[PDB]
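Take a look at this single chain in structure tokens; it is the form deposited without the DNA.
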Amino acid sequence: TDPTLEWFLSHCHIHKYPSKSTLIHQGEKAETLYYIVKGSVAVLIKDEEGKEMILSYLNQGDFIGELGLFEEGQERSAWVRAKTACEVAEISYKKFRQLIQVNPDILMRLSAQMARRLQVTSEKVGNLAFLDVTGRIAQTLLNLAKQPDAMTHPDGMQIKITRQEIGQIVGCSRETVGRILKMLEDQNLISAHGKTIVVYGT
């Protein structure tokens, strides 16, 4: 029971989007804010040759499309598509500004999230500039393992993720992920049960 959220949501018309539908479309004009009441989404940017990179996964309790909130003429800086089906609250930027004068804690929450995103996206920059593709993949496994949805295992931390996705995160061919995962195993660093990696603590 959160009085602030409930108060916030009561100003938003909620919507359900089926899995795989694009909630935000890059390049569109920014003039609306979003909040995930139910679901999970991927934020991602395309390459010149159509290759998609996943900047971030966002879940229930995350704001979406906030980056154009503090100025107009802004465009959505990325794509957001429903990973699973989502229940998503919506409110105009303007209407959201008013709420901020009543209770700016709803902005603290928003910004807190912006704060985290910036920290993580910065690590990516580091990884992308400091690590070969093997190390990038190692750090992406260690990263999904740090996470909440990462089940404990007698070896290390069990995660669940396709090779395609691992590719989209680190920035390479799924075929390449396959070969590199196999190598990481032969080095006693992980297991591979199809779409189930056990990241050893090593």
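Residue positions are given as counts along the sequence shown, with the first one as 1. Between two forms, the rigid core is the largest collection of C-alphas that superpose within 1.5 Å.
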### Message
Highest mean C-alpha temperature factor of the two stretches 61-69 and 45-53, which is it?
### Response
45-53
### Message
Which is higher on mean Cα B factor in this entry, 100-108 or 81-89?
### Response
81-89
### Task
Specify which of 157, 138, 36, 177 carries the largest Cα B factor in the deposited PDB entry.
157
### Query
Which one, 133, 142, 161, 169, has the peak C-alpha temperature factor per the PDB entry?
161
### Message
Looking at the temperature factor on the CA atom of residue 95, which third of the chain's modelled residues does it land in?
### Response
middle
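One more form of this protein should be noted, the form solved in complex with the DNA, which is absent from this view; the next part is about it.
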### Selected contact from 146, 174, 38, 29, since only one has a non-hydrogen atom within 4.5 angstroms of the DNA in the entry with it bound
174
### Query
If you check 179, 11, 15, 25 against the DNA in the entry with it bound, which one has a heavy atom within 4.5 Å?
179
### Message
Taking the DNA in the entry with it bound, would 55, 77 and 126 all count as contacting it (heavy atom within 4.5 Å)?
### Response
no
### residue 163, heavy atom within 4.5 angstroms of the DNA in the entry with it bound
yes
#### Entry: Interface membership of residue 132, the DNA in the entry with it bound, 4.5 Å heavy atom rule
yes
### Query
Quick one: which of 166-174, 55-63, 147-155, 38-46 gets within 4.5 Å of the DNA in the entry with it bound, going by heavy atoms?
166-174
### Summary
Only one of 145, 55, 58, 67 passes the 2 Å C-alpha shift threshold between the shown form and the other one with the rigid core fixed, namely 145
### Task
Note yes or no: does the Cα of residue 42 move by 2 Å or more between the shown form and the other one after the core is superposed?
no
### Query
Taking the rigid core as the frame, does residue 189 move its C-alpha by 2 Å or more between the shown form and the other one?
yes
#### Entry: Large Cα move at residue 159 between the shown form and the other one, threshold 2 Å, rigid core
yes
